[PDB]
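Okay, structure first, notes after.
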Amino acid sequence: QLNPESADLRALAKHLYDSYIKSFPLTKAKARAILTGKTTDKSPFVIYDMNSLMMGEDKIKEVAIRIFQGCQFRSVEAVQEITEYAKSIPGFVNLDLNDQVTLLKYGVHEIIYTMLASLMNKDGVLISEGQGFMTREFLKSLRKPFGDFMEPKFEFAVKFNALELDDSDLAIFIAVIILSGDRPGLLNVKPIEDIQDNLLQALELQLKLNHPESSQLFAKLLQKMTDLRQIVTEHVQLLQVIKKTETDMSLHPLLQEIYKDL
Amino acid sequence: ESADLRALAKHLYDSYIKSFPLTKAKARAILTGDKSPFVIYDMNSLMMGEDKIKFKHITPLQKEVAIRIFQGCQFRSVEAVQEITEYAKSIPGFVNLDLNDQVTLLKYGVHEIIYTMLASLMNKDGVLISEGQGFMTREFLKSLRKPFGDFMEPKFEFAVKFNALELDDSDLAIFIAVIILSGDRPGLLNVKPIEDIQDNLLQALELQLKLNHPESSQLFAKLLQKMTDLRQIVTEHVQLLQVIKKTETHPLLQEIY
Ligand SMILES: NCCc1c[nH]c2ccc(O)cc12
Ligand SMILES: NCCc1c[nH]c2ccc(O)cc12
Ligand SMILES: NCCc1c[nH]c2ccc(O)cc12
């Protein structure tokens with residue numbers, strides 16, 4: 001059975017999950033409870049058109065740009081959460097300050113789209129802490145540029161959600177992503193790889209124990225990292241376009257600094 | 001079980017040795033230590049290299065070096081494709097798949113495999129060309145004009161990082177098969193058998209790296225992560241290709257590529 005070595009890995013899995021719950025208000029378990037009608041109290045208001053969109057603010061706490069900006073500042077909130085979660089990853093705060101920054105700079109968006117999948121199903125995405133639900137079709141009819149921002153996310157979410165991962169799995173996977181090491185401009189790579197090595201090891205045991213009958217889930221989850229990269233890139237390229245077409249629209253500095261050379 | 005896996009690994013390795021002339025073991029021998037390859041470090045080196053080792057299979061197409069070099073890479077990649085295609089057919093289950101899916105897997109998998117194996121022929125200083133009879137330097141490749149100078153550079157960066165895993169032919173053989181059986185290629189008609197085979201290949205690769213590298217921790221994970229680098233190198237490559245269509249200003253030859 002489990003021995004000294006694996007015992008440490010389990011403790012690490014437990015630690016990360018505990019921190020995950022403490023850093024992210026809307027977990028996948030809650031998102032799913034809300035989406036699957038496991039309630040009467042958790043049911044969200046649905047926005048599927050301008051009609052409902054209007055009453056949206058009248059139900060939950062340029063429309064195309066309005067929505068974009070909302071989602072734009074939502075990312076900023078997420079960065080704040082992910083950053084707080086990173087600090088809890090053993091060894092992360094002990095790394096060179098500059099590396100901590102590049103790791104966050106390049107890891108944040110891949111994490112945002114990973115977790116955003118938790119709030120999606122083929123028809124839409126939860127919003128405003130789960131009080132609302134904006135349909136995929138509405139978002140796709142937005143307007144020439146903006147109508148294309150979310151489709152890639154939905155595409156990924158459908159595939160990713162197929163893995164049926166839960167919060168305890170994600171917490172470790174999210175940690176692995178932050179501690180990459182192949183990130184552009186890392187001053188010290190070895191210490192970072194040593195940590196990711198331990199996290200990868202922890203994730204592997206977690207998926208084994210948590211998904212016994214799921215053959216090679218580990219390899220399958222790791223490969224998803226390529227889909228995330230493409231999502232990030234398309235998104236960035238899309239911003240560049242909006243930046244030129246919408247000269248009056250402003251971008252949050254935190255997000256602006258992250259996009260720099262992404 | 002664990003036996004069926006070792007058998008699969010051995011099978012793939014044997015098949016790999018028969019389909020690929022220049023193996024990594026050979027390539028490494030040459031790159032390190034009796035008959036030094038002809039080195040091409042500049043214009044004159046190249047000039048002599050053409051009538052020397054006689055990799056005059058590409059050049060014969062009756063000027064400019066950057067263009068003749070790029071075109072040469074093309075002639076070689078086309079040979080690679082046939083070699084990969086042969087190898088693919090040895091992968092248990094591959095031929096029993098829908099015919100269109102087989103073509104689809106090959107169509108989208110050869111580029112990723114080409115760069116993977118290309119790493120076997122490179123080091124931080126250069127790449128082995130024409131069956132290893134040559135060695136074109138990394139600096140001479142950058143010194144090339146227009147976007148031609150930035151074509152191989154990306155591959156070199158990949159190679160340097162990829163080679164650090166110190167995989168050998170028996171490891172690469174399985175890895176390459178895993179790449180081919182990717183059930184996320186667009187247009188596939190029946191993803192199930194494909195994923196079933198890859199799952200089986202992944203299990204084979206995992207055990208292989210466990211026995212072949214008891215020393216390297218989570219090697220399996222690191223190799224899988226490289227599949228990301230490959231996709232990026234491939235998409236990035238396709239970009240220089242479109243951009244290449246602005247250096248033009250045979251019809252049957254163009255058809256071949
Ligand atoms: N990077 C902007 C995409 C994004 C991140 N988090 C989100 C939440 C809701 C939404 O509609 C969109 C988003
Ligand atoms: N499930 C990860 C996304 C997430 C975490 N906390 C949140 C709070 C509000 C929200 O809309 C979304 C989130
Ligand atoms: N054999 C390494 C592939 C390659 C890159 N550039 C080349 C130029 C000529 C040639 O024969 C081959 C190549």
Side-chain angles (χ1 to χ4, degrees), chain A residues 20-21 23-32 34 44 47 60 67-82 85 108-120 124-136 138-139 142 146 149-150 152-154 167 170 174 231-232 234-236 238-239 251-252 255 258-259, chain B residues 22 27 37 40 46 49-50 53-59 65-66 68-80 114-115 117-122 126-136 140-141 144 148 151-152 155-156 159:
Chain A
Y20 172 92
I21 292 164
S23 314
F24 307 110
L26 186 52
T27 64
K28 178 170 184 173
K30 183 173 181 187
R32 295 301 143 191
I34 294 173
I47 293 168
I60 59 183
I67 292 176
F68 187 72
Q69 300 295 280
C71 131
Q72 184 182 301
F73 282 50
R74 207 297 119 177
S75 292
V76 171
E77 283 166 42
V79 171
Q80 298 164 290
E81 272 151 39
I82 295 154
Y85 176 69
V108 143
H109 281 83
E110 295 169 9
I111 293 182
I112 285 174
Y113 299 137
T114 295
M115 292 180 80
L116 176 72
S118 300
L119 324 195
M120 305 177 128
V125 61
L126 280 179
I127 62 174
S128 184
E129 297 267 8
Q131 297 174 303
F133 180 78
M134 201 174 284
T135 69
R136 179 178 180 176
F138 174 62
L139 283 172
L142 278 181
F146 310 103
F149 271 92
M150 300 303 292
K153 321 302 195 306
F154 284 107
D167 293 303
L170 295 168
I174 287 298
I231 298 303
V232 180
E234 288 177 49
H235 179 80
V236 179
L238 223 186
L239 275 294
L251 172 50
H252 195 303
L255 262 35
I258 288 172
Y259 295 170
Chain B
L22 188 48
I40 305 176
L46 181 62
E50 291 178 57
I53 53 182
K54 278 296 182 178
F55 59 112
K56 189 184 177 182
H57 277 299
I58 59 175
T59 61
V65 290
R68 289 185 299 122
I69 289 188
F70 169 70
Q71 293 172 169
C73 191
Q74 297 313 312
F75 173 104
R76 178 45 191 155
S77 65
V78 169
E79 286 187 308
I114 284 174
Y115 299 149
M117 301 188 86
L118 182 66
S120 283
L121 280 32
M122 311 174 130
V127 63
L128 241 32
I129 67 158
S130 50
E131 328 174 323
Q133 294 184 63
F135 180 78
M136 191 169 269
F140 172 65
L141 285 169
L144 297 176
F148 291 104
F151 260 63
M152 291 304 286
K155 283 62 172 181
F156 280 110

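Computed from heavy atoms alone, side chains included, the values below leave out hydrogens, waters and symmetry copies. Both counts, for ligands and for their atoms, begin at 1 and track the order of listing. By convention in this document, chain letters (A, B, ...) are assigned in the order of the sequence lines, proteins followed by strands, and residues within each chain are numbered from 1.
For the ring-ring contact (aromatic ring centres under 6.0 Å, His included) test, no residue two or more places apart in sequence or in another chain qualifies with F138(A). With sequence neighbours excluded, no residue forms a side chain to side chain donor-acceptor pair (under 3.5 Å) with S23(A). Partners of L251(A) by side-chain contact (heavy atoms from CB on, under 4.5 Å), not counting sequence neighbours, listed by chain and number: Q72(A), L255(A), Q256(A), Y259(A).
Each of the atoms 1 (N), 2 (C) of ligand 1 lies under 4.0 Å from some heavy atom of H235(A). Below 4.0 Å from some heavy atom of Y113(A) lie the following atoms of ligand 1, by number and element: 1 (N), 2 (C), 3 (C). Heavy-atom contacts of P25(A) reach the following atoms of ligand 2: 6 (N) (cutoff under 4.0 Å).
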CA sep, side-chain torsions, deciding dist, call: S130(B), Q133(B), side chain to side chain donor-acceptor pair (under 3.5 Å): CA-CA 6 Å; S130(B) 50; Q133(B) 294 184 63; 5.3 Å; no
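Heavy atoms of other residues, nucleotides or ligands lying less than 6.0 angstrom from NE2 of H252(A) number more than 12.
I47(A) CD1 to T135(A) OG1: the interatomic distance, rounded to the nearest 0.5 Å, is 9.0 Å.
Taking 4.0 Å as the cut-off between side-chain N and carboxylate O, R74(A) and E81(A) count as a salt-bridged pair.
Residue contacts with ligand 2 for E81(A) involve side-chain atoms from C-beta outward but no N, CA, C or O (heavy atoms, distance under 4.0 Å).
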One pair per line, please: each N/O atom of ligand 3 matched with every protein N/O atom under 3.5 Å away, atom names first, then the distance to 0.1 Å.
residue, atom, partner, partner atom, Å
ligand 3, 1 (N), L128(B), O, 3.2

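Using cut-offs of 30° and 60° on the angle between ring planes, the pair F68(A) and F149(A) is tilted.
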